[PDB]
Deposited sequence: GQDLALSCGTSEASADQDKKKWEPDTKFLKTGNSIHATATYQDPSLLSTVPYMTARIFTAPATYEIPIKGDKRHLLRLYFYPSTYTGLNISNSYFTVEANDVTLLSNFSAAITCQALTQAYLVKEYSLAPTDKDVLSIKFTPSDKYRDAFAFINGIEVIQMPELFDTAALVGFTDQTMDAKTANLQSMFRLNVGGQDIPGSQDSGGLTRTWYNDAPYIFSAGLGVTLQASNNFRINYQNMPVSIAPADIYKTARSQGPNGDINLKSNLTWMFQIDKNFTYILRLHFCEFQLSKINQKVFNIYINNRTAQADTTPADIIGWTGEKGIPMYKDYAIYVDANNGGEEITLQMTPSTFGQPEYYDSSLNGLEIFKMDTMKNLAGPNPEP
């Protein structure tokens, strides 16, 4: 049981900048191949972006999978100039079995908003109890010359890394996420450098990005880094949750407590309205060593994630320096942003007045098997 990396409209194997091996998509199609006229300088590689499969009717890929298990699915789109196609005519839908991923999706308009040359839309699909994963591409019937296209598909089997999340508005409300279909919206290494997929845990090849572009607060904090002899004690936590490089850097508020108290450390993100999101906050304390040295509040969208008499204390939760952990929080959104905020807590008079975060993932959950939002 090996994983798949299909470089779509190609006839033979290729390797990307990370010399990750790709293979052709031909075996799995249940069509037209095109090569993009133009190589944009922002591409990290030729593979799998330069080549595409073009659908003018509905088309289905069927991948053999173990439907017992959850899967990571990536769709790689390169909206560029192709001979005899106007990429501004591309509007289509994509479904993965019963889940709707994309709808009236314009790769062209999306990229022009995000000032990007290419998109990677990634999903985590729940166990299906179906032997095969079918991805169906459906060009829009609401535009006269619609077509669908795809540059690459990966299907990676992954462990059950989702379980429950706390609902921020409320005292006792928890949510179940083990049967949920998710879209990864942001995956950040807070206080750290970008981590390429070839450096990620569990063979999942996720990318963790630097968080600096998401700070709305005036101050950019103070970044912290552990010594590179520092070893992270995962213990029974699965290694797949995140790579150790996440836990060996953090971004904090700083050493002036008087000033810290009067401010919030603020990240904010653009998301799709009418969905519930899970915020996964990663933590590891590599400087302090005991409970009640650093104690701080967490708020998501002007509501309490952890505050009052139960604020965050990393070693309070973990019990020892160098042990990683995470907490999941859910929020429903309907206002097109998600705001994360941190400030220190006076509860228990901690030795310091600071707050710290090591990493952050934001997942979108399906409302009745649909993850599709609008175009920017």
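* Hey, which stretches of the deposited sequence didn't make it into the model? -> Comparing the full sequence with the modelled residues, the uncovered ranges come out as 31-33, 338-341, 384-385.
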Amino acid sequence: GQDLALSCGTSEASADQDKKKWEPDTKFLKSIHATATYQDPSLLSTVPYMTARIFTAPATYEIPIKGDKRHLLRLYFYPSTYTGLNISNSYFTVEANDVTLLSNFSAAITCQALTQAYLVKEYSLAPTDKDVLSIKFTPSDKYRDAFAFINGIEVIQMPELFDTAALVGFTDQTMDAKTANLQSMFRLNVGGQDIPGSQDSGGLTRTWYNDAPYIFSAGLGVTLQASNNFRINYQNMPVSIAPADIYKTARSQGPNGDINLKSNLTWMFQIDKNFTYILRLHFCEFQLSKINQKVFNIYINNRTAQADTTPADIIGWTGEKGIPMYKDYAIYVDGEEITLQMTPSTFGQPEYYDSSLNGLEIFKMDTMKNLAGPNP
From here on, numbers count along this sequence of modelled residues.
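* Looking at the entry, does 122-130 or 226-234 show the higher mean C-alpha B-factor? -> Stretch with the higher mean C-alpha B-factor: 226-234.
* With respect to the recorded C-alpha B factors, which stretch has the higher mean value, 131-139 or 80-88? -> According to the PDB entry, the answer is 80-88.
* Highest CA temperature factor in the entry: which of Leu281, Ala117, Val99, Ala250? -> Among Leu281, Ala117, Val99, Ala250, the PDB entry lists the largest C-alpha B-factor for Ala117.
* Hey, out of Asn181, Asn302, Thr205, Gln157, whose CA B-factor is highest in the deposited coordinates? -> In the PDB entry, the greatest C-alpha B-factor among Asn181, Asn302, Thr205, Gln157 is found at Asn302.
* To do: Could you say whether, by C-alpha temperature factor, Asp145 belongs to the lowest, middle or highest third of its chain?
  => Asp145: CA B-factor falls in the highest third of its chain.
* Asked: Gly221's Cα B-factor: lowest, middle or highest third of the chain?
  -> Its C-alpha B-factor belongs to the highest third of this chain's values.
* Asked: Lowest, middle or highest third: where is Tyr353 by C-alpha B factor in its chain?
  -> Tercile = highest for this residue's CA B-factor.
* Asked: What third of its chain's C-alpha B-factors does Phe275 belong to: lowest, middle or highest?
  -> Lowest third of the chain for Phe275's C-alpha B-factor.
* Sort the modelled residues of this chain by their C-alpha B factor and say whether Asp200 lands in the lowest, middle or highest third. => As the PDB entry reports it, the C-alpha B-factor of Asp200 lands in the middle third of its chain.
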